[PDB]
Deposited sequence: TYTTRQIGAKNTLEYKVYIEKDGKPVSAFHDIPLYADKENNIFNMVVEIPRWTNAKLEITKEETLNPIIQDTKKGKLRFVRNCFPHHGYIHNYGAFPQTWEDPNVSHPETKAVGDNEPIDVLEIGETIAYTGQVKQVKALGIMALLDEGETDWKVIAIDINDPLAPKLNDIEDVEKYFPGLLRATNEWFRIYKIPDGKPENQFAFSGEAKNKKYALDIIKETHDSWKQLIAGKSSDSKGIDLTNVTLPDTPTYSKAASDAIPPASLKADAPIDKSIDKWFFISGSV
């Protein structure tokens, strides 16, 4: 059973979320199997950012057991701004564990947009099916975005491939295109671009990419990658890896006893861009 352990108050620099298995912290990058069911291509997704929130929470590749923490820019907490007509992130946003875009690769686990009705929680491990994939170019890096749905979603049986997203969620792909193009403009960064004229490639294509990034991660965790520089490969479930260390689980502090900190009112603002 997977749960979460929160350190600190939400919306502060001290905030961290670890994934626990049966009460013990494990690596959110390395210890959560990519497949919940390999034969049927059901994946475990680690959720970082709930739909309609702003705080840019991510699995941290540099910290032991890779807890989810809020991204920072020169000491300041990073929040994506509201870009009309969107409110924060427009997907449940996260990543597939045991994947790594070998750097061209963006040096992170492959990103996942989960499109189901229910709002997810930070550190949630949910099971999803892949429907398709888009290739965003962000600052000279290939930044793949897998489109997926929670297998528990009421609509999941009716969704198998990318064309079904058009049928059941008309306009979401357009919005996704737009969002990823403009979402850094309020930060003073340029508009992003997509490969393939912004087309979402189908499930078969998505599976090939996901598989590649899993194989890269297998080389990484085995200690055989060219440059694992700045990535903590500590794990507690893979006994034959060079960086296995069960003691890392017990070194994690206990759950914090703290309410969400307030978010600066500036983050409310709607930008028309």
Deposited-sequence ranges lacking C-alpha coordinates, in sequence order: 104 to 112, 283 to 286
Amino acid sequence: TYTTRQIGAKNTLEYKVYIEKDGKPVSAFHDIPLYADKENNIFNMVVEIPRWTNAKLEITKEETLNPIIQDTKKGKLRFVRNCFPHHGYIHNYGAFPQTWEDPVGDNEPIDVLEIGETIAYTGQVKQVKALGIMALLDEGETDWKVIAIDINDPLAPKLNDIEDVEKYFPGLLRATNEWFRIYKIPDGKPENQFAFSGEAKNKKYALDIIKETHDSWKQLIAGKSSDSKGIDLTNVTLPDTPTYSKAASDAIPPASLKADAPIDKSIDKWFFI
From here on, numbers count along this sequence of modelled residues.
So, looking at the entry's B-factor column for Cα atoms, which has the higher mean, 146 to 154 or 81 to 89? 146 to 154
So which stretch wins on mean C-alpha B-factor, 54 to 62 or 229 to 237? 229 to 237
Could you say which of 117, 114, 191, 178 has its CA atom at the highest B factor, as listed in the PDB entry? 191
Looking at the C-alpha B-factor values in the deposited entry, which of 13, 263, 251, 19 comes out highest? 251
Binned into thirds over the chain's modelled residues, the C-alpha B-factor of residue 94 lands in the lowest
Relative to the other modelled residues in the chain, which third contains the C-alpha temperature factor of residue 34: lowest, middle or highest? middle
In terms of its chain's C-alpha B-factors, the third that includes residue 195 is the highest
With respect to C-alpha B-factor, does residue 123 fall in the lowest, middle or highest third of the chain as deposited? lowest
Among modelled residues of the same chain, the CA temperature factor third for residue 165: middle
